[PDB]
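Only one structure is covered here, and it is reproduced in the block below.
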Amino acid sequence: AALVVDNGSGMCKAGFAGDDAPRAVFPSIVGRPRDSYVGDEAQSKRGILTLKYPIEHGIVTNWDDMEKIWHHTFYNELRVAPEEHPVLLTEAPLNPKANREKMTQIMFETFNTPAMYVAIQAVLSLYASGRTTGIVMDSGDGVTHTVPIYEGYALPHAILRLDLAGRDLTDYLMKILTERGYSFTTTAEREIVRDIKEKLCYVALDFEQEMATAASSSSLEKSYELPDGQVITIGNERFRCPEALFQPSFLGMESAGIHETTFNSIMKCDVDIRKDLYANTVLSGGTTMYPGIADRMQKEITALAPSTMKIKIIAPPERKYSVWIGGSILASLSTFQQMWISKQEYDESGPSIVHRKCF
Amino acid sequence: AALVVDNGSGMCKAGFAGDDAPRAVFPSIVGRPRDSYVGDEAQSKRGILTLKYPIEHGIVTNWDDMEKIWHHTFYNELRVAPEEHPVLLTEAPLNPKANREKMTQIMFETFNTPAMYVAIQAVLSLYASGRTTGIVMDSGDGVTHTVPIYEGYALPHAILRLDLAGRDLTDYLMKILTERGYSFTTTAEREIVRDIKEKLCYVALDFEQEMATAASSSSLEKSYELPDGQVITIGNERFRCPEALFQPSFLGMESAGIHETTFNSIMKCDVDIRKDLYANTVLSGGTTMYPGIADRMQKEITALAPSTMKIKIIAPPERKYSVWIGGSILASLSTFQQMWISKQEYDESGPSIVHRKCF
Amino acid sequence: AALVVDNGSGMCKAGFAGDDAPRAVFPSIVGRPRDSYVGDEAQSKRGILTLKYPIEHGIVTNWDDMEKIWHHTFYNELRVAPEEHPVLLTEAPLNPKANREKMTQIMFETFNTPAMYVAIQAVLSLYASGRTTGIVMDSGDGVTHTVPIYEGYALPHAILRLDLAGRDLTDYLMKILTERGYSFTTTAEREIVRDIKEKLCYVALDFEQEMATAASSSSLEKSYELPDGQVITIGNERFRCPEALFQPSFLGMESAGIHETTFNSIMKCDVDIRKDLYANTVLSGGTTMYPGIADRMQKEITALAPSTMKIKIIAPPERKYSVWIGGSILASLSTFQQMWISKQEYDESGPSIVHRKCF
Amino acid sequence: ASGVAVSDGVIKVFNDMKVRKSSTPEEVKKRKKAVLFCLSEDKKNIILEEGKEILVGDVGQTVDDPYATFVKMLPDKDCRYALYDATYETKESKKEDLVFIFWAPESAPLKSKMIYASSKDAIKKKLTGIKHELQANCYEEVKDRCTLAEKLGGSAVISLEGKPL
Amino acid sequence: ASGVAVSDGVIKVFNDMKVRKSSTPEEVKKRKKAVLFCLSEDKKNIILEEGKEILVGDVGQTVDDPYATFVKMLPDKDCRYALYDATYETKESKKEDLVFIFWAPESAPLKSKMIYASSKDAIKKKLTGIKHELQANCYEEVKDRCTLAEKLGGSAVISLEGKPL
Ligand SMILES: Nc1ncnc2c1ncn2[C@@H]1O[C@H](COP(=O)(O)OP(=O)(O)O)[C@@H](O)[C@H]1O
Ligand SMILES: Nc1ncnc2c1ncn2[C@@H]1O[C@H](COP(=O)(O)OP(=O)(O)O)[C@@H](O)[C@H]1O
Ligand SMILES: Nc1ncnc2c1ncn2[C@@H]1O[C@H](COP(=O)(O)OP(=O)(O)O)[C@@H](O)[C@H]1O
Ligand SMILES: [Mg+2]
Ligand SMILES: [Mg+2]
Ligand SMILES: [Mg+2]
């Protein structure tokens, strides 16, 4: 019975290999008073404590707080002893090799796992869609990555990173909801706005046409009930919030949208494989769950690519947790039990064993 | 002879272009029985009526009551017919474009002004200090804004809003004056406490050192005579009330103080202009009139900024009405008479003319 | 008083003949909104405009934008009227003959220069080192050239071009600085990274030995202060960034390093002159200014060449602007005043006069 | 935006200061090293403040340090626009650049500070080609040579007006 | 804060309920599904109420709905602490979380309600890792399955104990 832990920039997905869904999905935050709270405990206190993301943009920056999250994952969320289960970890693209060895050292020495394995998140999402070649647009909480993959290997020189994901969209929705007279500023009210975003926001196919439709009627207005029973109404903010994914200038960013970032990373690959990448663009992550985002990406990339290229955007219905689900299917295979890094192999080669067993 | 109207979140400043001070300064409230009273009329009745702020946080939320205030401004306060004078209006930062057009429509159709102009409040305050680049900390009655401005244009992605100003400080002073045995609860007693706040309160440079000085002697105690001749004495409440500007936790708020809000909005600007913003921090509004607030802001921001940055807090002596005074100087210029939006231009382009003539 | 203009792929060097250094060194960019900004003006706006290099790889591709840069050079940078001064222009190796005539036509018809002259950049660098025979390794901003020269004439069949220079090293340093947790993505932050590169980066003599030294201590770590006072620390990125000059696979390029490109162009020359080229390898350009690059080139070419050849890498201390300095010494000679292409000679022969007067 | 226009006398002086024409050494001595601009009496135009200028021929004779005597021309309680032709040297080039200086002292009246600040971005758009801008709001922000050198090129500036910093 | 301590028998039972150890299916049937805590006779410790527990092996055999039979164990006129291991399913995950239940019926004597309420925040600090708390002050606030499902995840909870709501 192996454990699968998907360490996201904002959300930790953990569960057991062989299950269809992760058992625990909690915020990857550590809170300390303005003495240490992890996950939903750090959000239950709200404003007394200051919150820190130890893996804010997919890359672990604070290894002391990252061990607190992994300890919280094993004992409080999964409710198991990590010394009895092999653990499959996931890593962001362009993760430095010193971080891969640091993860292997912490798992074998701090938690004493019998076996261990590290996988790349984008490759698991592409395999879960039934592909070995393609480009994965993984938009999560803290970071967005466009990862072109050829024959199961990510092309590292063509991987592009965009510091624009769901966390920035939640803050932008809080900002534009104040234009209607509502006030969402506190930490507890940010969790309400995140729930509004995940239920009522959508991507408009034509933004300027949708802004005219919303200004001439009320067919796009939705009501939302707050935890205390108060009802708010939201109008054009439903499609203005995820529009910042395609127009980052709404947030004051100079960067390109997710469609141009996907196009730019395809243009950094060999000319001979670009035709395959245009037809195998796979969406992944929680921020790709807006209704209408695949049709918008299809239209935007078609306008950037040559007219003779076939643009196909793949948005599988289970793409929110496709990294975790791909890892749990892989870790539950009887043929995969030879791929683990054993503690015996770690005692001989040290933490550098991860580079030859997990690539 | 143009009119200059500064629509504040709690106080309406109105007067004639070319004058040094506004002629009328009255509360921007509309009172209805618990049939419609505006301004000081709504406060003369005290407790019979319920009071509403139509522009409670700088943004107009009730346009029917906002027209009552503008009608009261022209006929009862300025005592002129608005169809004979061009009017310069002011607007809060991050004012939605639908509100700018609504103001232009009301001025040309309801009041029939011959000409009209809309200006941003923070930009007028920065110009009045002799600057085109800087960050304006505008603390008024209902709202506090930190508005970084570069070459005469406010940077909208870096503008921060704090729902903590003089109105919250008046309520907090009423609350802590009851710890001395006094009772201020009614609407008439709130106007007394506001007068105590504007005469005896000050910002302590070191709060904990000032609390020790007040607890060991009576050199900080002041007497105040009530309207009925009764004399009250106030001690450490003099500096505990404006201390909530720097420690909003005194009010149960999770937000940052005005010093951290100023620092956070500088850090949202381009790194190349942050050095200029550190040296050009300009205070504006009635809530920045406490003695010792510029020296406290200087000390607090110095502790947040890198030690190699030069922190300079600008507190001009006329910063309480610097928005109105800047507007009256501008509207009285003979070269400015080409900048007005005429009624002829409004009949052709409609209310959207304000976006290209006033930006 | 003649003018000397060195049109670089990324930087324009301009000044007066007889001076020791160019008066103006500005980026050769034209910016248009996402109406036309040239040079530092195009970089002062940062992210509003899109930037284009009209001479991106040494060869002018957009002649309309190239005239904007030359107009900006004469009137805004040098602050002279070009109709009063003869102008010496420089050109990249393997510049097509249609471009030489286009330059001559623009100088005589658009700017009305009294006289004009075109020189090859690599030949000026070799003359400045006191040589007429040798191979010039000119690494600039957009392009690197290895130009073998025999008796003052570049051998065009042996000239090799490498699209790998300082611009690619700046982008690579931005990429690997994000592995330490820093974020440099915007246009203003790219100018900061370029300043970090020119101050703290160096070429390691043994790369793998230097990577072990940096991983076992902190004697190679340097601090750098950002424009807003924040201090960052850089470690092995100091020598990993210019290492891409010798291992272009760090950038995902299939091409050879600058040492193998130099060796390959020597092997394309006559066998009888290769011994002279091995002993007269001259470095030129801004990208050859890294400390330790001459000792690394010496070691790398020694391993490629036969052991009986004497490898001598010439790195003059003024090699950054050796093209401009060589041109200003030449254009200031009284004996050189007979070499100019006069406007009288241009009216008779047309733009094809440049082929027989400047070769 | 106050609508204050730039007079043709200011545009002519700026065009003569920017581009240097081939001239006899006598006309070179008549080039302007620094010049002040002020509002007209009716406050409708930016005009040349008469008598407040430094000539290139004065530098090295009656004027020892051109930036020190330029700072003395600035009024203590009035706003002003200034055009200073800075001759400085970095580590790898000797430069000569025009500097636009906005002088708005805190002691100046509120009406002057408002009109000069609200009309600054319009005059600077007419003076095309200026790449350096110095906003000085007190005498301490303008009097120091190292304040100008920081605006010109930061720490790369090693000399100013032929004298080391 | 009444100073009432938590016995080591309660801490051992909680540690065995929280973390699941790899065990034979026989020991899995001996895991506790629910357990009640009460005051000792001298009211100095929180102890295990003997006989008032549901085992995992009982679920699916003698026990059809574990939450209904758990509610039956609560006394009508006495306060109690409870530990319930909830197996529920949301729209995107199958969850298994411990729920701390404070049972303080209005019919209970005033002395019991005071001691259990003033010592609740001290026992809950010793039982680290519990993220769900149900304060029930009448039989109608605890008997309904949808009351527990609302506390677990609100409307996202679609199933509880393998049965749809
Ligand atoms: N159903 C949804 N619709 C729109 N956005 C969503 C939805 N669900 C999650 N999001 C956003 O997706 C983000 C987290 O998704 P995730 O892929 O787990 O990121 P990460 O792996 O980096 O932690 C959150 O910001 C969340 O708000
Ligand atoms: N002299 C003063 N000292 C301290 N606080 C003051 C002083 N004067 C006004 N305040 C407060 O300033 C607030 C109103 O100032 P103002 O800038 O006009 O706000 P607004 O523009 O939002 O209406 C009021 O709450 C008032 O009590
Ligand atoms: N002192 C330095 N050390 C290392 N690299 C430098 C240094 N100076 C410049 N570079 C790089 O050299 C490039 C420009 O040099 P240059 O020879 O003028 O190129 P070009 O002629 O093609 O415009 C720039 O990318 C710059 O960053
Ligand atoms: Mg993710
Ligand atoms: Mg105000
Ligand atoms: Mg060059």
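For ligands, and for the atoms within them, numbers begin at 1 and follow the listed sequence. Here is the naming used below: chain letters follow the sequence lines, and residue numbers restart at 1 for every chain.
Applying the salt bridge (charged side-chain N to carboxylate O under 4.0 Å, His left out) definition to pairs two or more places apart or across chains, those involving residues 314-325 of chain A are A/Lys320-E/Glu92.
Using modelled atom types and a 3.5 Å distance limit, the side chains of B/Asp19 and B/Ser328 yield no donor-acceptor pair. When only modelled atom types and interatomic distance are considered, B/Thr262 and B/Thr146 share no side-chain donor-acceptor pair under 3.5 Å. The closest side-chain donor-acceptor pair between B/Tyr321 and B/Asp6, if any, does not fall under 3.5 angstrom. For A/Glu191 and A/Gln43, the side-chain atoms include at least one donor-acceptor pair closer than 3.5 Å.
Listed by chain and number, A/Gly8, A/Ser9, A/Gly10, A/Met11, A/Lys13, A/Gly140, A/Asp141, A/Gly166, A/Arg167, A/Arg194, A/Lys197, A/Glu198, A/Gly285, A/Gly286, A/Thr287, A/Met289, A/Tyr290, A/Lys320 each place a non-hydrogen atom less than 4.0 angstrom from ligand 1.
Taking the ring centroids of A/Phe207 and A/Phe250, they lie under the 6.0 Å cut-off.
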